[PDB]
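Novice: I'd like to ask some things about the structure below.
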Amino acid sequence: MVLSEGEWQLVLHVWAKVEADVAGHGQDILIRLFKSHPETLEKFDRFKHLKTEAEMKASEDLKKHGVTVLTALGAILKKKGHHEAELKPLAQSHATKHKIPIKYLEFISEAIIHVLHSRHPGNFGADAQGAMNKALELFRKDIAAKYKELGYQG
Ligand code: HEM
C-alpha cells in the first residue's frame, strides 16, 4: 500500500502539533493503552506494578518511555513510507526480546488516534484521521512482514 502526498501532509501536519508536547502526548497514549487493554501492561516489567491511573501519571519512568516511543514513531512517519532502515531494529527487538504481538500494535494504534482526536479536533477531522490510520496500517503491515522474516508470528 502507498499513501499519497496529500495523505502524508495531513499526517505530518497533525504530528507537528504533537511535537509541541512530546512528553505529554506520550503519557496520554500509554495511559490510554494500559487502561483500555490492561493485558498490555504485563509486557513491561518496568511498569506492571502500577495499579492506578494516578500512579501512571506520576511515574517519571513511564513519561520517559512515552518520549522514546513517540520519537521513534515520529522518525518513521517523517520518512513517508521509506522506513525500512528504521524498522529493522524495531521489529527485531519487539519480536525477539519483548515479544509483542501485532494485536498489541493495533491497540496502541487505537490509543494514538483516540488521543489525537481528543487533543487536536481542529487538525484531526475525518480526512486527517483516515490518513493517520492509513499510515499506522502501513507501519503494522511492514512490521508484520519483518516479524515473519525474523521467525515470530506475532
Ligand atoms: C508505534 C508502536 C511502538 C513503538 C514506535 C515502540 C518503540 C519502542 C522503542 C524505541 C523502544 C526502546 C528500544 C527497543 O527496545 O526497541 C521500545 C521498548 C519496549 N517496547 Fe515498544 N514500541 C511500540 C509499541 C509497543 C507496544 C504496543 C508494546 C507492548 C504492548 C511495547 C513493548 C515494549 C517493551 C516491553 C519495551 C522495553 C521497555 C523497557 O523495559 O525499557 N512496545 N519500544
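Including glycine, each Cβ sits where the backbone N, Cα and C put it.
Pulled the feature table from Swiss-Prot, pasting it below:
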- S4: phosphoserine (MOD_RES)
- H65: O2 binding site (BINDING)
- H65: nitrite binding site (BINDING)
- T68: phosphothreonine (MOD_RES)
- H94: heme b binding site (BINDING)
Novice: Let me know how many other Cβ atoms fall within 10 Å of the Cβ of the residue listed as 'phosphothreonine'.
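Specialist: Taking all protein chains shown, the residue listed as 'phosphothreonine' has 11 Cβ neighbours within 10 Å.
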Novice: Measuring Cα to Cα, how far is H94 (heme b binding site) from the residue listed as 'phosphothreonine' in Å?
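Specialist: Taking the Cα atoms only, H94 (heme b binding site) lies 14 Å from the residue listed as 'phosphothreonine'.
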Novice: Write down the Cα-Cα distance for the residue listed as 'phosphoserine' and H65 (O2 binding site), rounded and given in Å.
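Specialist: The separation of the Cα atoms works out to 31 Å.
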Novice: Can you check which residue among the binding-site residues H65, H94 has the largest number of Cβ atoms within 10 Å of its own?
Specialist: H94
Novice: Can you tell me the three-state DSSP label for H65 (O2 binding site)?
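Specialist: Reduced to three states, the DSSP call for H65 (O2 binding site) is helix.
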Novice: What is the separation, in Å, between the Cα atoms of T68 (phosphothreonine) and the residue listed as 'phosphoserine'?
Specialist: 28
